[PDB]
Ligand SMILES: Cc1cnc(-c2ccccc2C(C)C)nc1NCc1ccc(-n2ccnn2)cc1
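A lone chain, given as structure tokens: the form solved without the ligand.
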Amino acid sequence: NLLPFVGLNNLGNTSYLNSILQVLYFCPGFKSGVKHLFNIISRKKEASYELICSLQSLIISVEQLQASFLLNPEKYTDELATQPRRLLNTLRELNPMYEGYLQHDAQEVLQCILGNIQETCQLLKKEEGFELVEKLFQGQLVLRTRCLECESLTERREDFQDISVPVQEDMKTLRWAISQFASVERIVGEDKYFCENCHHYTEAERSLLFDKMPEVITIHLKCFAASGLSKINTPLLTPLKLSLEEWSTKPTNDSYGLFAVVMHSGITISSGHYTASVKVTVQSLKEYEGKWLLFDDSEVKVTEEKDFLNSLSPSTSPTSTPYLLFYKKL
């Protein structure tokens, strides 16, 4: 009853990395981009590159276990899993916080992996598919400020790789959370704006607008609070399709579809368990299209669309708190 989907063995408190590695394995274009970069690096070596080499090794390991299970599904009884040992080694080389067997942040290790892939790409380009991370996960924000005295407007451009929205004000929807992120906010009182046109402290309106859009939208859910830090376990009402046109600098028809969720389990923020849900997009590998795989380290469950969407609801109070949502451009 094993599915033909390769889980990842927990190597000691490493579910933070495992759920991110599953979401990245199923991200559309990330495997192809890594293979292209690895071809480049391997030609260069036959003529910092270790994150790419060890991600490529992990990707080929997952592919070959899937293939061998589909060939002889009898040699596989307990689980179909592999170990990301070499890539954990490479992450401890790139960042010493991952040394040992402590618990970490999934969004932080995702940010580390993607930042280092981007640095490797910039190195390869500067030395010379070199824009893998920029095309997949990076967008533009326009951060506009309006002085409420003189009503002048200043703008900033900033890059982003995910939208960090709140889950609570201090049932709510993802649209509410994105409005709390990008709708016009009015900064007053202790947080007055310094206007250079007035040469004074003024009240100001700030608003954000999505300018250039990635192919994958990552929503980082701020499911944590300060009073004394606690975890908010009540989710937002999460949609399957998302449009960001309400907060875009131009009209768009580009909508997004939810394809991956990273969940946290635990009543505190200092410990817990990370799991990944992934939507699936040789004939045996099409009875799964449109279905949701739940990755609990080496264990892989399947789930139907409607059951998965129900398990996310705040009304059916879940113990797995959604933390990272992944939407791809339809």
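Numbering starts at 1 and follows the sequence shown. By rigid core we mean the largest C-alpha set that fits within 1.5 Å across both forms.
Omitted here: the form deposited with the ligand bound. The next part is about that form.
Taking the pose of the ligand in the entry with it bound and superimposing the nearby C-alphas onto this chain, the site is blocked, with at least three ligand atoms within 2.4 Å of backbone or C-beta atoms. For the chain shown alone, residue 18 is a contact residue for the ligand in the entry with it bound, at least one non-hydrogen atom being within 4.5 angstroms. Interface residue remark: residue 58 is counted as part of the site for the ligand in the entry with it bound, having a heavy atom within 4.5 Å. Proximity of residue 274 to the ligand in the entry with it bound: non-hydrogen atoms within 4.5 Å are absent; the residue sits far from the partner. Not displayed here, the ligand is approached by residue 76 to within 4.5 Å at the level of heavy atoms in the entry with it bound.
With the partner omitted here, the stretch from 63 to 71, 258 to 266, 49 to 57, 33 to 41 that lies within 4.5 Å of the ligand by heavy atoms in the entry with it bound is 63 to 71.
Taken together, the three residues 113, 244 and 327 lack any non-hydrogen atom within 4.5 angstroms of the ligand in the entry with it bound. Residues of 13 to 29 lying near the ligand in the entry with it bound, listed in sequence order, are 18, 21, 22, 25, 26, the criterion being any heavy atom within 4.5 Å. Compared between the shown form and the other one on the core, the listed residues 159, 79, 155, 151 keep their C-alpha shifts below 2 Å, save 79. In this overlay on the rigid core, residue 11 has a C-alpha that sits 2 Å or more away from its partner position between the shown form and the other one. Taking 2 Å as the criterion, residue 60 does not count as shifted between the shown form and the other one: its C-alpha moves by less than this amount when the rigid core is aligned. Once the cores line up, the CA of residue 70 ends up 2 angstroms or more apart between the shown form and the other one. Relative to this form, in the entry with it bound the C-alpha atoms of residue 12 and residue 274 approach one another by 3 angstroms or more. Between residue 81 and residue 24, the C-alpha separation grows by 3 Å or more in the entry with it bound, relative to the conformation displayed.
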